[PDB]
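Enquirer: Pasting an experimental structure with its sequence.
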Protein chains: 2
Amino acid sequence: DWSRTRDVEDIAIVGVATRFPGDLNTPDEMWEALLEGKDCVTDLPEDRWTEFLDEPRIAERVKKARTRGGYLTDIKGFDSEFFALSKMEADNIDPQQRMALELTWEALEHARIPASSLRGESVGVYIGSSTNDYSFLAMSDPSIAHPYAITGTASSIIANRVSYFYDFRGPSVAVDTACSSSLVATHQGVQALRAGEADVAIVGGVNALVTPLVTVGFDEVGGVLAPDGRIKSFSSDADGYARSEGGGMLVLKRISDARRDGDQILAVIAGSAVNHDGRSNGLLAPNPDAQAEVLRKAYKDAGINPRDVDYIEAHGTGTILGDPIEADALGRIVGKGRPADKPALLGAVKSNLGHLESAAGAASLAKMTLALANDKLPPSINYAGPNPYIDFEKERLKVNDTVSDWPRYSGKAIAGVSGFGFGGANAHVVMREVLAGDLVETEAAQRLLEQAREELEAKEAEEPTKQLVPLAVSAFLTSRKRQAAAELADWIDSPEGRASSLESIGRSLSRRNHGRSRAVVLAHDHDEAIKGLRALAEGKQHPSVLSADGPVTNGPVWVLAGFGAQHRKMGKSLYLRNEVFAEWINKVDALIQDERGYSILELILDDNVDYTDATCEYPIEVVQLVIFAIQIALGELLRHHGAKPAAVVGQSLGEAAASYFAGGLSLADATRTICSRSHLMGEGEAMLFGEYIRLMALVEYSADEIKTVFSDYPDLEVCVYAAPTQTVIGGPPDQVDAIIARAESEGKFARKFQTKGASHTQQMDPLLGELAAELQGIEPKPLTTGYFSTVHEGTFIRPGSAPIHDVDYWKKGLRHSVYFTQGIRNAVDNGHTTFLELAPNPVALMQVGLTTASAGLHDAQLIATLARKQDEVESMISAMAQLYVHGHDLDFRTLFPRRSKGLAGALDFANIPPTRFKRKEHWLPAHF
Amino acid sequence: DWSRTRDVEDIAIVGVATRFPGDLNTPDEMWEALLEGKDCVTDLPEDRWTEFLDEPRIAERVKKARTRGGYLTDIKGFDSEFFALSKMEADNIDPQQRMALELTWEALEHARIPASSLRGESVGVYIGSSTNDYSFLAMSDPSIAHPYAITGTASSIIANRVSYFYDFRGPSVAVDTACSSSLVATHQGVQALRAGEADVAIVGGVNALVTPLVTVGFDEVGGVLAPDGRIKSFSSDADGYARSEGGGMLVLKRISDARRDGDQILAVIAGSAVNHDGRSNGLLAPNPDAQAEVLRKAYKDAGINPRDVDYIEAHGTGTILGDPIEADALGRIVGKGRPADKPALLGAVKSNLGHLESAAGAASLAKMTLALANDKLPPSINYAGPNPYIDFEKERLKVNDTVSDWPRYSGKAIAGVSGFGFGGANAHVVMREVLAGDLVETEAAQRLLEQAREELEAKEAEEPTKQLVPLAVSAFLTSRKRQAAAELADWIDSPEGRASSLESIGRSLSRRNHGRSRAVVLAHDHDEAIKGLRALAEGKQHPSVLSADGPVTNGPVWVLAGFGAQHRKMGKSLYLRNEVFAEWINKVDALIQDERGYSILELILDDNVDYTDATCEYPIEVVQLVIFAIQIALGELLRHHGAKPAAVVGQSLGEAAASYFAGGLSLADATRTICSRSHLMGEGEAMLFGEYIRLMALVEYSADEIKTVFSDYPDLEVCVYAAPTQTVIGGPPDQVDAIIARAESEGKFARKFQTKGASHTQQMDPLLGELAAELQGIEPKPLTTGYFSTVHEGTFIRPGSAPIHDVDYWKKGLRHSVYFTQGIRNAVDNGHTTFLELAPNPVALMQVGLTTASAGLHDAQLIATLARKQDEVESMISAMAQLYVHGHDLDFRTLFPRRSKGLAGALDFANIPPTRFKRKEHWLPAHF
């Protein structure tokens, strides 16, 4: 009967912004005013229309007109610095465009969607507008009017400037169906979202009373404007309406996308329809048959029986003739068949706000969104009693003149919203409340795993650990960022701030816009948060504050080192307390068990594994395996939070991990590589001992210089070029032990490595045949990331290049030197300044630091991930905070996953101060 | 790959209207200009902008500006009488609204869709507009500006006034995406048609250069306007553009509806898309990435591989920077992968017309529609050579600078149309030619049927019959109707008229608007048509011309009589030459064979059946059956052409047919009724003879008066009250033969009926039991039509009343008198003036005529259907013409069914003169 014939989705309303008479600038302010029954119509303000009141003819004509209405408080103000407009351009921009920009910002903030996250996305903008009032001000003097007025007053620019400033790529159109323009814009946004063509829709309408021309015209018509300026909707003393200025906006998404993204659904749009009067009894006469038809069309589109409607937000313009016609059409469709005791409730926000001609629909939609979200029906005002020409009982309608509950005739709250243009264009939108249905749809290692969780629980019971919460603050300017920090600190010190959980404060901040000037405060409690924010408000450096004036130019470089980074309990704390990290550790552990026939997970969880000779069966082999597993898991944890390397570089065991993150090999293939060499190096060491051993040592000699010294020590080779002034060499002990003295002659640094791996030297000649045999079957792929190979003499390989990770590549890299310091320098020449080391302990960062300074870079960003004697969970948060502050890819929202899935959370977010604007006066000097 | 993901229909373009510079006012004029490469940019006309050129400051500023452009010839003219606007209202209406009204009329006429047939239908209107130039003229003097300017210059009224004047009920919206507004409007119309929500879409755009303000602003910007005013699209000497005024419109339907309705499909819209630049390098800078994305989106929506495009109608504004950007995006999407020898052809109508800012898309769409329909590509002009900053060969593009053929790379012609707004809103529409695939998907009676067709063929061979063709002419005023007739007559006398088949002239006229003042000329050849039209041009009454100044108030009354209407060959000629009539005769013939065991079709086809005693086995019975069959078939033939009775009335055998057309019984049930009585009356007559017979006679005595005479003739009864002063009585012959002398005493008229049916009298008492037995099982239904029962004492039964056609109703009607003259009078009191007799011969119309005059109605419309000694096919055409001229329901298009189904007809329509408008000067007196 009334079921949908087409297969479409419901549309969720996720955010609302308002700028309405009576100083209603937020949804909460509007809701309080509606509950109180506030009358927002006032006298014409003294400082308005002054460009016309110095001419006595116009002045006397205006004094004779009604002129009471809904006026805004500060129409000339505008934050032109925030929206990046020069003084002259700002002076020429219509207030309607200003309101479009501001309302878009406020609506996105209310929806808890960061504006930065929508840049480049398919966001449609649909705004209703009916009057180019500001153009008349510019046209006062045709000769001297500035050409900026052309773009500053064109109707299309109302939508186009919003699309331009926010970098929206969806459809962008201004629509005019004069008095129902907002509802028509909403209808177009809904249709767009249903057809694809847009993933988010910004819909609304604006209106401004810049000049008295339209008001004087309507006054000259006669019998249109109420003598006292009050709209008495459906009342017995109804005698016309009054004009009002303002605007509103809504943010719309498909309900499935809203559920997936975790948006709070305020209300649901089930359907809508638009039509026209046709040939009515005059162009300006409303047609009841057409209104009935638009009602029927809308409820068929929504798939809802009109008998079930609880509330109608009416056109309600308070004309003695229009109100009975609207009531008659409603009685034909909405009221038909109802019992006398279940009437549809009726009201009109125009009785509060006046007639917001092209923004009237936006005001109505905002009222109904707030009524559904807050589960109350606000009164309609100026109601002295029923219009005698309307049989309310027979039409099955009742005017709601108090605060009342939703009847919920069908079990859920349903409402309809009507708007009729004075040219005959009609619209109706059907809404319903959000429902619950909308929001839905190793053996021995196991022993050690339990023994670790129990001991952590027992340790926790004795003393709880204070969780680290990162607090993000940002703006388009450093000065604005500092001001926001100061205001945030006061609210946190406030009683309402102290009553909010620190995690909820962090979650709210994480859903705000992430601008170009960024800072993060790492806080364990409120008092620490206050201290850090106050320090940020000044220029005072604080150890708990990460900050930067702007982003760096290029992306980060991931450094896959790992020699000498092992220690007793590496990775264990992070494995227990982070699910993503544990998942990838298990994944790598499965692969190694196949290839090597044991589990690395047991070594990680066991506390007596010192990764030395006295506690591990094969120390040389397993240490490389565990470090590789940790490197894979740390990198995947970073990917989970939205980080991605711009380029990669490895060193002597991290090549396997570097190969994986560059896209060269798959995880299995990279696992096969490291598994093969580690056990081959381990096997070789036992075969040779006594005099056959080759030691590894570090010296203070450069690469070019080393060519001279090797003339008289032929046996020695170079393993890795670590720093410009440091190198690692290997060879016979007598030719090696001597060189320590050869260095001590000139007071240089030199020390011996106490490990018997002896890689990149002679010992690996016997191994190369087996390595090729074991690696026979790996499938190199073209690189998806920049790659600074330390095997191919430090060269830079661009993304998308031909595959390079062949068998001979691993054969070569295992045997010959590592060109690490060369690789770093090449990276610095391409403009990289951020270097991120994935390791259990940062040892390669110092080597990277020396190279960067040697290349003329003393402010390089050197970010560690894990470190001995530092809490592993805190280290990862700090690393991700540093990436974020310097503008690198990082989704701060993923740091605050939602605990509550349903509608009963209500505490996931704190009521942090909104973004503050600095409004300056911008207006055209004009005289008539 | 490029196949549609959504299931949608293609959209057909069925009509085009144009108002473009260079006096291009019809699609044919525009096509000729395009083939000739006409340059339509001129100097500013002398009589334009004069309201500003009397102030020396403005005058000097304007003289310094470029000001060459595409200007209309007569912008102040308007036929305000045609569009029903007063002088003061017309003076205040923006030329954009005027153009919207006129272009809608011209587009519907070009589509051969009568405007009257769309009144009340779901017709959507979508019009692009970007400037309220006329408002500035009204705002010159704020005090004395008339309030009519409010509705006369609002943007929304551009669409709303069209919807109002034509009685369209679909969506009605004005859109502004400044320079691509027309394409965006087209996109919205396509989306509407695909979603339902509209069955016809009127889409287009308008623009007017009322004042110099915008031109002077763009001139003051600098580097925007071409110094010589010529748009040199993609040329090496491109230096800006010039502004132009005008408008265009298209009529759109779903392709299935166009095929079903027999519209000529000019071209097909396969898909379209709209998006925005986002944050480009400045608000006014075009973004190549966004343009590429809109291209990809549009071709995905169309389900077409962009590699197959033959022609791109470009934005092409001739800027030295914009043209390479457009070419670059095209090369990214349209050109990619093509071989060097199959480039996409490129052009721009802006090189012909200038820049028609919000109507530019309409001009582009019109050009491509005509190019596809006429199978040619017109040149792009002002092309001195390729822009050196565009590598045309590499982009796989070629500028089309001559007249050329469609390459048809994929086997069919495909084109794309682009438009980019200066605020960053982009649009692309994909078109293709119409394809052939779019336009697809009793035994003895048989002996007599063949013998009749052969004899008709033989008769035809000796002399052909000149077919009667009805020619419809109408207007909103009688004076305009006469003028149209005079102009039509001249064109028919013209050599081109004489070369057109008279049927094609009639078909074209039948597809024109059917206004309130109507006339039909019944013509067998051109010369007769000319003579009738000339007579209509004056007030001269002519026997071949039916005419009326306006419609009558109420619908027609169908009169189902039939006693005494039989004759030798009734129905035979119409049965052979009309398929619909034959089909229903066969249907009734099947029913009667079941009930009565013989075929009436044999009697109709046989020529020796005189319906008398010497030639029919049962004359009394079969005559009623044949007349009933003819009455059913004639009424169904009228229904096929769109006629429907407002009320029905029967008489003494037509009650059965009257019952059927009122909706009381089904055809089977009504057939059972008449079959039962006819054979019962026939059986009764043989049973009684000699002295038992009762005769029927007619006298000149009224109903009230008859009560006196019956005092001394107790046996006599009254059968039917025919006229106020005439009655039919029946009874014993001696009491009946006497009364003829009783009447002759006072010189009154009286005659005897020579038939032995003797109905509505004593003889039917024995029959009533069997009649109820035979009729036991009929299912009366509530009436769907007004009904003046002559059984229930002439009463009027309203439609929707309770069922009345029970068994006792037939029992009663068969026995008691027929209140016919009473029934007619009741009809006249409800305001009926048209009475239509369904009979083989009009005998009841004279009785109806006498009653209507007696009730004070001397201009009643008394329409016969068939008549003895008149050609049956001509009689039916004349009857339907009379219904049409008086405004009754009749679809004149059904009188001219199409012969050719495919694309090769090309002769179904004649090139009759278009509707002529009388333009008067309407403008605002204004001074600055």
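Expert: The structure has been received and is ready for your questions. Residues are numbered from 1 along each chain as shown, chains lettered A, B, ... in the order given.

Enquirer: Please state the backbone phi and psi of residue A:626?
Expert: phi -70, psi -50 (degrees, to the nearest 10).

Enquirer: If you could redo that for residue A:173, that was the one I meant.
Expert: Dihedral angles (degrees, to the nearest 10) for residue A:173: phi -150, psi 140.

Enquirer: Report the contact partners of the nearest residue to it once chain neighbours are set aside.
Expert: Distances taken as CB to CB, 6 or more residues apart in numbering or on different chains place residue B:177 nearest to residue A:173, at 5.2 Å, with adjacent residues excluded. C-beta here means a position set from N, CA and C on the backbone, and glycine is covered the same way. When contacts are counted by CB atoms under 8 Å, 6 or more residues apart in numbering or on different chains, residue B:177 is found next to A:156, A:159-160, A:172-174, B:128, B:184, B:274, B:421, B:423, B:425, B:427.

Enquirer: out of the residues you listed, who's nearest residue A:478?
Expert: residue A:160 (30.2 Å; CB to CB).

Enquirer: Just to check, the closest one is in contact with residue B:426?
Expert: No. Here residue A:160 does not reach residue B:426: they are 10.9 Å apart, not a contact under CB atoms under 8 Å.

Enquirer: shared neighbours, those two?
Expert: Joint contacts of residue A:160 and residue B:426 (CB under 8 Å, 6+ apart) are residue B:276.

Enquirer: I'd like to know which of the contacts of residue B:177 are part of strands.
Expert: Assigned to strands by DSSP state E, the following of the contacts of residue B:177 qualify: A:172-174, B:128, B:274, B:425, B:427.

Enquirer: And the residue of the stretch 651-800 of chain A that's closest to chain B?
Expert: The nearest approach of the stretch 651-800 of chain A to chain B comes at residue A:800, 18.0 Å away (CB to the nearest CB).

Enquirer: Next, format the ones in strands among the contacts of residue B:177 as CSV and append neighbour count.
Expert: Shown next, in CSV, are the ones in strands among the contacts of residue B:177 (neighbours: other CB atoms under 10 Å in any protein chain shown):
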residue, neighbour count
A:172, 33
A:173, 32
A:174, 34
B:128, 35
B:274, 30
B:425, 31
B:427, 29
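
Enquirer: so who does the residue of the stretch 651-800 of chain A closest to chain B touch?
Expert: Residue A:800 neighbours (CB under 8 Å, 6+ apart): A:782-784.

Enquirer: residues touching residue A:484, list them.
Expert: Contacts of residue A:484 by CB under 8 Å, 6+ apart are A:473-475, A:913, A:915-916.

Enquirer: Could you identify the buried members of those?
Expert: A:473-475, A:915 (16 or more other CB atoms under 10 Å in any protein chain shown).

Enquirer: Cross those residues against strands and list the overlap.
Expert: A:473-475.

Enquirer: What distance do you get for residue A:223 to chain B?
Expert: Residue A:223 sits at a distance of 12 Å from chain B (criterion: CB to the nearest CB, to the nearest Å).

Enquirer: same thing with residue A:888?
Expert: For residue A:888 relative to chain B (CB to the nearest CB), the value is 20 Å.

Enquirer: Provide a list of residues in contact with that residue.
Expert: A:551-552, A:555-556, A:643, A:834.

Enquirer: Rebuild those as CSV, extending it with secondary structure and distance to residue B:14.
Expert: Below are these laid out as CSV (DSSP: H, G, I helix; E, B strand; the rest coil; distance: CB to CB, whole Å):
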residue, secondary structure, distance to residue B:14
A:551, coil, 56
A:552, coil, 60
A:555, coil, 55
A:556, coil, 60
A:643, coil, 57
A:834, strand, 62
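
Enquirer: Most neighbours among those, please name it.
Expert: residue A:556 (24 neighbours; other CB atoms under 10 Å in any protein chain shown).

Enquirer: Now residue A:14. Its backbone dihedrals?
Expert: phi -110, psi -20.

Enquirer: what's the closest non-adjacent residue to the closest residue to chain B within the stretch 551-700 of chain A?
Expert: Here the stretch 551-700 of chain A gets closest to chain B at one residue, residue A:551, 15.9 Å apart by CB to the nearest CB. Excluding its sequence neighbours, the residue lying closest to residue A:551 (CB to CB, 6+ apart) is residue A:887, at 2.6 Å.

Enquirer: Go ahead and confirm that neighbour touches residue A:514.
Expert: No. With contact defined as CB under 8 Å, residue A:887 does not reach residue A:514; the gap is 9.1 Å.

Enquirer: Assumed residue A:722 was part of a strand.
Expert: Yes. Using DSSP: H, G, I helix; E, B strand; the rest coil, the assignment for residue A:722 is a strand.

Enquirer: quick one: contacts for the closest residue to it other than its chain neighbours?
Expert: Closest residue to residue A:722 apart from its sequence neighbours, by CB to CB, 6+ apart: residue A:847 at 4.9 Å. Residues in contact with residue A:847 (CB under 8 Å, 6+ apart) are A:722-723, A:726, A:820-821.

Enquirer: Farthest pair within those?
Expert: A:726 and A:820 (10.3 Å).

Enquirer: which one of these two has more residues nearby?
Expert: residue A:820 (26 against 20).
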